[PDB]
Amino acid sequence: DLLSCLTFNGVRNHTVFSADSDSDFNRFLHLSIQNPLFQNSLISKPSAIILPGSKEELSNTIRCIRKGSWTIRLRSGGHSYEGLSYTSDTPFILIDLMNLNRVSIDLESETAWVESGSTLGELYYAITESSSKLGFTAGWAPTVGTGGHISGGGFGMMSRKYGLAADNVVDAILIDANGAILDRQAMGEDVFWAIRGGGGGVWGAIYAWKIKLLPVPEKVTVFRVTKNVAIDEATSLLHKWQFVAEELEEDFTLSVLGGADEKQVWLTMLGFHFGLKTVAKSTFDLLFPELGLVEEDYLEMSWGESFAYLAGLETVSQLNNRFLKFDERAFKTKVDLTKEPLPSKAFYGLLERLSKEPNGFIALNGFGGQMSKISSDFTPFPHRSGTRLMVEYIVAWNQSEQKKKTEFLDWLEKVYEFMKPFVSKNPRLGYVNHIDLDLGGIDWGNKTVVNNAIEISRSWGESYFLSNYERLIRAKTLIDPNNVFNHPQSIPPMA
């Protein structure tokens, strides 16, 4: 029936479920699974996979699915930390957007239309090919899809200068529950607000984003330096780092990745400056001489080169390869936002815990700069002025380490518990692109839960969106009153 409808409407790229492990179905399913944690045979699988190739095909795909009784799942880059783009407890149809990866750069307006299947890497590659003086602000990972990422905000190394990806969206095409093809004018300002950070898989299917391209100098300066130190020094480095980071002028970003193994602590310092190396080095010589950076650590390169470099890629060319796997390990990650400085003992304790679990690591970023100049309700992402740091805790493992899974997750749980007193409180804040089901989830098939959906959903909803939660609910009710686009943590519509 679904297939007949798709045919009648001219949608031809579809594949039904097959048990054959070598089937084209399985191949398409796995192409964009970015967390092996959700890859096994015991996980839910779609009844069919549809690959629309145009806005009309996307519209008609949604229309056909509604004539049946399916749960819609949209996938762009497949990076959902919780696999929410390709799993569902109820029978589902996977709409994979990988064929919608056209990027159209307009150098006369310095804007771009970006189909929502395009990855960050594909976008960055297109921009750098078009111009040496234009860039865009989004996350570091080149295989992340614009569909999920911009829908959830999109934070990266240029956010202190330019804010989130979603803060630089000026139009969009949204395909609603009825297949309507809506631009900014058609969807209205409440819905255009909601899609710019309110979370993917909730409002409809974004067909394309229109973004404003942003100035970058022809040469920027970066460094990636790993310090191999002991815990005393690592603690004092991290404790000073937090002040250096949040306070730097907007033309600088300094972030950290960290881990340990018994007495050996490693801290990888990632630096970016919107300018030349003489200024970059004079700034860090003055503000953070403890890092011990030398002249040869500072590299001058193009903006596109810098994004490939910070992502750990070999070349700018690799940005354009969406199936170059970032990593092959299963993972679980959690995040905190902070409002007060972290005491030294928090870093010491975090490092002690890392030293006992070499499969764990942390990633630390400062806000400030432009992030403090954007109002909390400009877009749905509310963590602006007053927000000091974002702290990510990750544990990752390979197949050979599978039996330690329970232990790894316990370690992460304990780290998050340890950090509780030092980070944001009442409520403990989160970030929707860092979706975390530990916070809870709605079973939309459970009537008693659905009756109280708004209160229940406030647990994660206010963590992600704070006061913006109320406006999100109104926008949801407007654009998807029948809740066609839903998942365990989707914004509830009013009854």
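Start at 1 with the first residue shown and count on from there.
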{"item": "Stretch with the greater mean C-alpha B-factor as recorded in the entry, comparing 327-335 against 146-154", "value": "327-335"}
{"item": "Comparing 31-39 with 427-435, the one whose average Cα B-factor in the PDB entry is higher", "value": "31-39"}
{"item": "Deposited CA B-factor, highest of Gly199, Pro343, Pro91, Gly368", "value": "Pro91"}
{"item": "Out of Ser130, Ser317, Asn398, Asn168, residue topping the C-alpha B-factor column of the entry", "value": "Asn398"}
{"item": "Position of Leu51 among the chain's modelled residues by C-alpha B-factor, lowest, middle or highest third", "value": "lowest"}
{"item": "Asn228 - which third its CA temperature factor falls in, relative to the rest of the chain", "value": "highest"}
{"item": "Third of the chain's Cα B-factor distribution that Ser463 belongs to, per the entry", "value": "lowest"}
{"item": "Among modelled residues of the same chain, the CA temperature factor third for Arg102", "value": "middle"}
{"item": "CA B-factor ranking of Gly135, expressed as a third of its chain", "value": "lowest"}
